[PDB]
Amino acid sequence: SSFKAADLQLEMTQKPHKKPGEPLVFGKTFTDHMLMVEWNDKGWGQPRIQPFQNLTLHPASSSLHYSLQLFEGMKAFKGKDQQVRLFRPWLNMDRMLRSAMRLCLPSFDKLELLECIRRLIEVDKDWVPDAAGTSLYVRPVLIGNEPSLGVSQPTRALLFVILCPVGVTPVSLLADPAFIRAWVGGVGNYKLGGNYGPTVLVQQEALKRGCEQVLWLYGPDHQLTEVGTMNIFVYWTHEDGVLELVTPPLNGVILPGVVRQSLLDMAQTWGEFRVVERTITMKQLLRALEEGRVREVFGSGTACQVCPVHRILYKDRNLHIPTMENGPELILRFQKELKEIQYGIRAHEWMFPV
């Protein structure tokens, strides 16, 4: 079964917080309301939109002992006409449910949750900024809530959603084979809390070595998997002399991003160059770099969208990536086309109106 948006209960706030006047630091500023839905042996209770408030959790809650937790991330955008739209939200709903099944957490109806999320954004519509490059970040979470120390499928769970208003400079990456984000047969291809905790120390290491993000390598052939919490793309002339955009395939160690899929879809549509999903090795990159075949390297993801890379520290070898000296033409094109779609300049099936 599932909760229904028709059963939504609304509790407007009586202490509305002051909106930001000024820099928006990602994921630190929250809106006045939140979605909340509980599950137990009776199934799903009724969804409610209520004032933003703390969670109350039993000390034995399995969300805190055995990381029975998963999350999502998507953006709503306000056009000049003040119309708010969510970017490809159905894909997040699909991904959220796959995550839930992987952690033996309760299933729900994707279209019911999306509607609840729509209602929640509608209540807080004034929190959605409209300055250029600004958006509203939507964070759905599902956690197990069993008050028991046995490692087991939970009999209670909690689904909730909070919102943040959020506000092109290239980055350097540390590429060290010692660090492993995920493995074939693991859970790196699901957006589960457990995949993130262990990266915090690796990210501090990147900073100490003068880099900004982590380029996650995998396997004997040092495959480029992902960059920070973003998917990685390479625009180059491949060894066979063909110009292509390549990103790693979904073989278990890649989180299937929405921006990622969107970029593949966009480039495939254009039909101007080869667009493939194939592994990428450091060996291939060094060679392509020495032969001037790399045009652009970039990460993709909701929070930072499409972010260029200019440097990769591979062990002690400091490699210049000429992304910015190549425009970066593809990056700009993607950003321009995405911006048109996102802010309702060009109406498109990808957008879901709030």
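One-based numbering along the sequence shown.
*Asks:* Among other entries of this protein with both neighbours modelled, does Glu22 go without coordinates in a third or more of them?
*Replies:* It is, since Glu22 is left out of at least a third of the other entries that model both flanking stretches.
*Asks:* Should the segment between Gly21 and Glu22 be described as having none, 1 to 3, 4 to 9, or 10 or more unmodelled residues of the deposited sequence?
*Replies:* According to the record, 1 to 3 deposited residues lack coordinates from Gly21 to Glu22.
*Asks:* Classify the number of deposited-sequence residues missing from the model between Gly167 and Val168: none, 1 to 3, 4 to 9, or 10 or more.
*Replies:* Unmodelled stretch: 4 to 9 residues.
*Asks:* Per the entry, where is the mean C-alpha temperature factor higher: 270-278 or 229-237?
*Replies:* On average, C-alpha B-factors are higher across 270-278.
*Asks:* Which is higher on average in the deposited entry, the C-alpha temperature factors of 251-259 or of 203-211?
*Replies:* Stretch with the higher mean C-alpha B-factor: 203-211.
*Asks:* From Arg88, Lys283, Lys191, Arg181, which pick has the Cα B-factor that tops the rest in the entry?
*Replies:* So the option with the highest C-alpha B-factor is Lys283.
*Asks:* Specify which of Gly144, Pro220, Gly186, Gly197 carries the largest Cα B factor in the deposited PDB entry.
*Replies:* Of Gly144, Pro220, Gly186, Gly197, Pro220 has the highest C-alpha B-factor.
*Asks:* Split into thirds by Cα B-factor across the chain's modelled residues, where does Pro140 land: lowest, middle or highest?
*Replies:* Within its chain, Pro140 is a lowest-third residue by C-alpha B-factor, going by the deposited values.
*Asks:* Considering only modelled residues of the same chain, in which third does the CA B-factor of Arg156 rank: lowest, middle or highest?
*Replies:* It falls in the top third of the chain.
*Asks:* By its CA B factor, does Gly301 count among the lowest, middle or highest third of the modelled residues in the chain?
*Replies:* Within its chain, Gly301 is a lowest-third residue by C-alpha B-factor, going by the deposited values.
*Asks:* Based on the entry's values, in what third of the chain does the Cα temperature factor of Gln69 lie: lowest, middle or highest?
*Replies:* Within its chain, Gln69 is a lowest-third residue by C-alpha B-factor, going by the deposited values.
*Asks:* Give the position of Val242 by CA B-factor within its chain, expressed as the lowest, middle or highest third.
*Replies:* For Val242, whose C-alpha B-factor we compare with every modelled residue in the chain, the answer is the highest third.
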